[PDB]
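J.: Protein chains in written order, with the entry's author numbering: chain C, 12 to 306; chain D, 12 to 306; chain A, 1 to 356; chain B, 1 to 356. For every residue, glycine included, the Cβ atom is placed at its ideal position computed from N, Cα and C. One structure is given below, represented as structure tokens, and several questions about it will come after.
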Amino acid sequence: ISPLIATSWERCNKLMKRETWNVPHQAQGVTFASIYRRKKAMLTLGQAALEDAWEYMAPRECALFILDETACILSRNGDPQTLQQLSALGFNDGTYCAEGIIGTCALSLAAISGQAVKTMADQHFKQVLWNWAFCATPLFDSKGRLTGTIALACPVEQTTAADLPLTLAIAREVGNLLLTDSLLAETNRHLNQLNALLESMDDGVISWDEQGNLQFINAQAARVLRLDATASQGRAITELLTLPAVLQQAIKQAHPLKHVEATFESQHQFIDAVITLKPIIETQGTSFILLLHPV
Amino acid sequence: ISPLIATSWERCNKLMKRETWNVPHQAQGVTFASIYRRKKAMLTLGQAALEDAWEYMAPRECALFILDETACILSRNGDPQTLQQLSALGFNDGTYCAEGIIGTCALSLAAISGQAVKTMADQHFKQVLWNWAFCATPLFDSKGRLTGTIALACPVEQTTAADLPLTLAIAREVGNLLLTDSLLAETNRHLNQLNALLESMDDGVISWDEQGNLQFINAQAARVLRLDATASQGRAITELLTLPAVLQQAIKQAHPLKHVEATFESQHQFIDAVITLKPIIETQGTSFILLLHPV
Amino acid sequence: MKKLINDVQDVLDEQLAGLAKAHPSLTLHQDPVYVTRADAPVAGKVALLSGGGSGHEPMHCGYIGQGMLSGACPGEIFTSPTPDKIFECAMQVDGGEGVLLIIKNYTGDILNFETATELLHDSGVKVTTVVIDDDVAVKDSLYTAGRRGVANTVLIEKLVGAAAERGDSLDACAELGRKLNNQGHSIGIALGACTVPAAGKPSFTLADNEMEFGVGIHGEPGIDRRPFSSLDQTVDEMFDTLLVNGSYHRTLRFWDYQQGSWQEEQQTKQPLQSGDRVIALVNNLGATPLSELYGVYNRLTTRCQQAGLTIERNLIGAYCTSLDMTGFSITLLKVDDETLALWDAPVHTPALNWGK
Amino acid sequence: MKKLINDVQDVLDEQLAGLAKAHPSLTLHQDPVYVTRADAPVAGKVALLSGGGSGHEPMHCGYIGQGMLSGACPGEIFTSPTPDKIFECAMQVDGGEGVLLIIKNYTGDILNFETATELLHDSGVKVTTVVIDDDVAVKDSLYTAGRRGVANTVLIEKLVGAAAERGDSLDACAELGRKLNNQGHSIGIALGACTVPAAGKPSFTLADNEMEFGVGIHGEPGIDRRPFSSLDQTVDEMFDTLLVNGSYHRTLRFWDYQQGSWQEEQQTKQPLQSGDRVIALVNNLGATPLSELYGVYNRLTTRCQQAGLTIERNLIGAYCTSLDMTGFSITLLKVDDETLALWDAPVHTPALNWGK
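Rendered as structure tokens:
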């Protein structure tokens, strides 16, 4: 009698009966491959979440589902025997749990109404489902497109008031992790691009902190100053290699230097190069760029 | 009496009776402002998590807390009347709930043990707490120091299988959002450094991707080729200016160009520059840098 | 009950087997069920694909053939097909030149076809979508956000089918069907409800000489119920609603296959006015005597004439039905000359069959 | 009382006015009413002409056009036309190669058409008749002496229509039609009656899950009423009836235009038997969803194969209806290669449209 369920019933009433039940349609293995692959990001987040929830909830009778936007079961875990009692009703990997298929149910009703929804007992349109409680919360993507559901099912006598919020808190973690995970992915792709740029210079380029620690060095300056790219990062410059008079002064004087001839000592070998040095004035102090031009 | 509780009891047994109850110490108003504000990162995420947890759980007798690493209660919500019950024993904003204060309790043990914990009934050292059940999950830090705890308290006869995993599913969201939230902040700082680097080159530099769309333009490419920095971004290269025929053949055939003299036409004006072009072969296709050398 | 069926769960299978036997130029696939041209993939042209619930026949199954649909996906009676069927069907009909999905504006269909679109894309099938929302009667119905997609889907399937056949690229097909969907206007009435065989009870019930005005094809409530007065009163007020509710602004969603994303697109409908040339479809919703449709048609031409609309072509008959519902829809589609040339172009399907 | 009609005595003049507006390839004559090809008299060919009561649309009006009828005469609903109409129409269509009248076996039709024939003869018009008695269900019904003329009239009008088109002479056309008439077998059933507008009340009433078995197209009583069980076993008994009541000896009379008199001619039908080749027509009686027809067709092809008959062509739809009746008919017509060749010939009528 919730205003939700009421509507759901008006949708179901026209086109199905309450006492009939047929095995709900299942996407056949091969094309289930493409359905599952399409969600690797969501599923690898959602599974971790569900293995943990299960881990601190076992023993108990219930199952945990991750569905996609179409109400298709992507993966199931939880109590072995409960997954099997539901499996005995046709709830399997790749089963579609849409409203048109199995009637009114949180598995489909949450996505429809756009928020966490719990259905139990004879709220469900089909009678087969009457000794079950279902909790499900939908999750959205970067754009705001419904992109899956987390659901929890258990024998109706056993639902607890924490069951709904449990699915919502998990939907929150997976949804919220996708969005910020993909914002990382982007701002990381941006780094690789901006690096590949500096990796592609003509000049050798090295930069360091106001404190004196190497920040950036490219393959090219790595060869020229015979430093190891990785092992160099964050390490103090003067401990990395001994600098020529002119540079000492120009670091100190915060002065610029244009195409100056300069001699560096790396780990006992001396390297002659022609350099350009530029102060990068900031609030926290001055950084520097040194460019090693290839004669 | 699992080893965990058993150990905690050996700590309390030495210094504390099972029947006496002191209202635990609470931080003064002025200084609790600084305790709270120090946690703004954690709290703005958590309070959101919990508002939701609560809305979809109401009505139920329980309280949810966020505490910090010293077990200080930072904010609380949930059932008005349960809050008041706990408040009368002295669980308030600013109240410290450490083990040495209120005895064995999940509010402290979770953190001590490093994982989600639930204590109920007479597992608690102090009898006052015998008609409560407490679930708590510790949550950790970018570099991995304890950073806080999410807790759920309710009358002992009403705990559910889902209560512990609910606090875990919340600590997970808040923890993971903090973790990647600061991964993001650091790869964003790196992004700026690398920028500030390209920005203070000697040449102007430009890049586009495999689709042919501007990705980076710097202050000196922008002056020289007479482009507005921001509005040029993302936009297709051959619409942005007329590429000399040399460039087009070298992007079509993906060849490099050392110090080539070529004419650019930007918006009705002809510009001469000497250019280097380098392919950046990647797995989705070839991007390119263009450098513009000053004469 | 007056259902010519056997077991209630077999009705769809029986009827699909019947269709395949009757028309050997079509292929019935199983596990899952879909229907395509016997000769697909037809390498070279844009594959044209549609579907939705069964119960509307000949739509969409009767419209598979040269110069129209390449294949269809029927689902259950009045129920969207699930994306796996849409997926595999579009993979069966891929022409190498793109696949155009035609989607009637219903919650289920939209969601299901949209997902099937994303599935195909990930499999690297160039694909885009056209959405039909002609039913001028109700904004947000029982199964619809926005306007409902009804009988104008059949004209659009034919016109776009002809462009596909001719040789036009995926883009111009989609742009065409998309223009068309802003020029077609439709409204239906029912005097008797349809019964879906699985529910066993009529899907609504009207009192004596009362009609559901602006009904939809899954037996969704109309604008209201109102006393049925005469065929003339009915065609008049159906026709006045096509003008009054003609003008309409909404957001439709198409798949931009280049960007790999759903591009939203605000667009407006112009109400038919003096000087417009139209195609008119007087459509039996299921159980109206053909005789009567001509009576409707007769009144429709008087109203078009007096409003200054010039009917250039027509279809009269059972083209987009709702099981056994007693009523009819009127579709008017605004046309120019290129459109009529596409209309007259050949078509060879079990339900529309003309031209060399 | 759910009819889309206006004034109850105007029903027909609106419907026909609509038909004329829908199809400029047709001419509606006023005072009296009949319909002709917009281009008659088509000089050089046997003009082919038929008619009966209205209420069977598209039969006969929907079959006027190239390769079928030249013109048709509708009467009131379920009433035969009058001689003055038949006469006047048959003279509008006369090409110079004589005129062939196709008549369904019903008292009123037989009587009126006969008298029109004589009328025409006396006006110096070569003219002859084919009589259709396919309905195998009852002998001597309410409006018929012997076997009623139902759906097979459509096939015969098509095959004969196509012979006339080619160049075949009046006798050649006539004997084709007579030959075909001893090869067609029809039966229909009803789950709910039609209602004629003027009457106001259903033309019979069935209790629950009861069917009129062997119904006729004016809502005549059939063999009996019997519990409708399932579509399968309905098609089954229908099919067995077609075989059992296939053998049939009787007297039909045609117009010997040479001697100027009615030639009595006794003639026999052969049951359809193992090895035969048929066109099958699964025909909606008015208000049966097309979808269920394909279910009926599905079972038919199973029964046909089981009894060694080969379905070479089919039609599935509303071809010969009974106003709003819920029921269908099955016709089977034995063919050979000459016959199929005539079937595949062009036809361009509003209700049948295939070929170049």
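Name the chain C residues that come within less than 8 Å of residue 112/A, Cβ to Cβ?
T.: 81
J.: Note down the Cα distance separating residue 228/A from residue 238/A, rounded to an integer number of angstroms.
T.: 12 Å
J.: Note down the Cα distance separating residue 304/D from residue 214/D, rounded to an integer number of angstroms.
T.: 5 Å
J.: Going by C-alpha distance, which of 52/D, 286/D, 287/D and 134/D is nearest residue 18/D?
T.: The alpha carbon of residue 18/D has as its nearest neighbour, out of 52/D, 286/D, 287/D and 134/D, the alpha carbon of 134/D.
J.: Report all residues from its chain with a CB closer than 6 Å to the CB of residue 110/D; omit the five preceding and five following residues, and keep chain order.
T.: 119
J.: Let me check understanding here. Comparing Cα to Cα, which of 336/B, 54/B, 87/B and 98/B lies closest to residue 174/B?
T.: 98/B
J.: By a C-beta neighbour count over all protein chains shown, 10 Å radius and 16 as the cutoff for buried, is residue 208/D buried or exposed?
T.: buried
J.: Taking the alpha-carbon positions, what's the residue 278/B to residue 57/A distance?
T.: 26 Å
J.: So which residues of chain D does residue 55/C contact, with C-beta pairs closer than 7 Å?
T.: The contacting residues do not exist; residue 55/C stays about 13 Å from chain D at best.
J.: Which residues mark the beginning and the end of the alpha helix (DSSP H) in which residue 117/C is found?
T.: 117-124
J.: For residue 57/C, which residues in the same chain have their Cβ closer than 7 Å to its Cβ, ignoring the five residues on either side in sequence?
T.: 77, 161 and 185
J.: By the 10 Å Cβ neighbour count, where 16 or more other Cβ atoms means buried, how is residue 168/D classified, buried or exposed?
T.: The residue in question, residue 168/D, is exposed, as its Cβ has fewer than 16 Cβ neighbours within 10 Å.
J.: Look at the alpha carbon of residue 44/A and the alpha carbon of residue 50/A, and state the distance between them as a whole number of angstroms.
T.: 19 Å
J.: Output, in chain order, the set of chain B residues within a Cβ distance shorter than 7 Å of residue 301/A.
T.: 21
J.: If you measure from the beta carbon of residue 51/C to each beta carbon in chain D, is any gap under 7 Å?
T.: no
J.: List the whole-angstrom C-beta distance separating residue 243/D from residue 228/D, where the pair is believed to meet the contact cut-off of C-beta under 8 Å.
T.: 6 Å
J.: Quick one: measure Cβ to Cβ for residue 151/A and residue 320/A, integer angstroms, because I've assumed they're closer than 8 Å.
T.: 4 Å
J.: Can you tell me where the beta strand (DSSP E) with residue 131/C in it begins and where it stops?
T.: 128-131
J.: Tell me which residues of the region 284-295 of chain A have at least one Cβ-Cβ distance to chain B shorter than 7 Å, keeping chain order.
T.: 286, 287, 288, 289, 290, 291, 292, 294 and 295
J.: Out of curiosity, what's the CA-to-CA distance linking residue 225/B and residue 212/B?
T.: Residue 225/B and residue 212/B: Cα-Cα distance of roughly 5 Å.
J.: Just list the beta strand (DSSP E) runs in the region 179-230 of chain C, keeping only unbroken ones of 3 residues or longer that don't cross its boundaries, in chain order.
T.: Within the region 179-230 of chain C, the complete beta strand (DSSP E) runs of at least 3 residues are 215-219 and 225-228.
J.: By the 9 Å beta-carbon criterion, what residues does the region 19-51 of chain A contribute toward chain C?
T.: 31 and 32
J.: Quick check: is the beta carbon of residue 354/B nearer than 7 Å to any beta carbon in chain A?
T.: yes
J.: Considering residue 83/B, what are the terminal residues of the alpha helix (DSSP H) in which it resides?
T.: 83-93
J.: May I ask you to verify whether the region 306-324 of chain B touches the region 279-292 of chain B, counting CB pairs closer than 8 Å and requiring at least 3?
T.: yes
J.: Let me confirm a value: residue 226/C is counted as buried when at least 16 other C-beta atoms fall within 10 Å, else exposed. Which label applies?
T.: Result: buried.
J.: Pick out whichever of 342/B, 47/B, 322/B and 350/B has its Cα sitting closest to the Cα of residue 169/B.
T.: Considering only 342/B, 47/B, 322/B and 350/B, the residue with the shortest C-alpha distance to residue 169/B is 47/B.
J.: Quick one: list the residues of chain C neighbouring residue 88/A, beta-carbon separation under 7 Å, in chain order.
T.: Near residue 88/A (Cβ distances below 7 Å), the residues of chain C are 42.
J.: Show which residues of chain C have a CB atom less than 9 Å away from the CB atom of residue 119/A.
T.: 42, 45, 46 and 49
J.: Could you have a look at residue 68/A and say whether DSSP puts it in helix, strand or coil?
T.: Coil, per DSSP.
J.: With 16 other CB atoms within 10 Å as the buried threshold, where does residue 32/A fall?
T.: buried
J.: On the three-state DSSP scale, how would you describe residue 65/D?
T.: In the structure shown, residue 65/D adopts helical secondary structure according to DSSP, grouped into three states.
J.: If you draw a straight line from the alpha carbon of residue 206/D to that of residue 86/D, how long is it in whole angstroms?
T.: Distance between the alpha carbons of residue 206/D and residue 86/D is about 40 Å.
J.: Quick check on residue 99/D: does DSSP put it in helix, strand or coil?
T.: helix
J.: Going by DSSP, name the residue or residues bridged to residue 235/B.
T.: Partner(s): none; residue 235/B has no beta bridge.
J.: Just mark residue 255/B as buried or exposed, buried being the case when its beta carbon has 16 or more other beta carbons within 10 Å.
T.: buried
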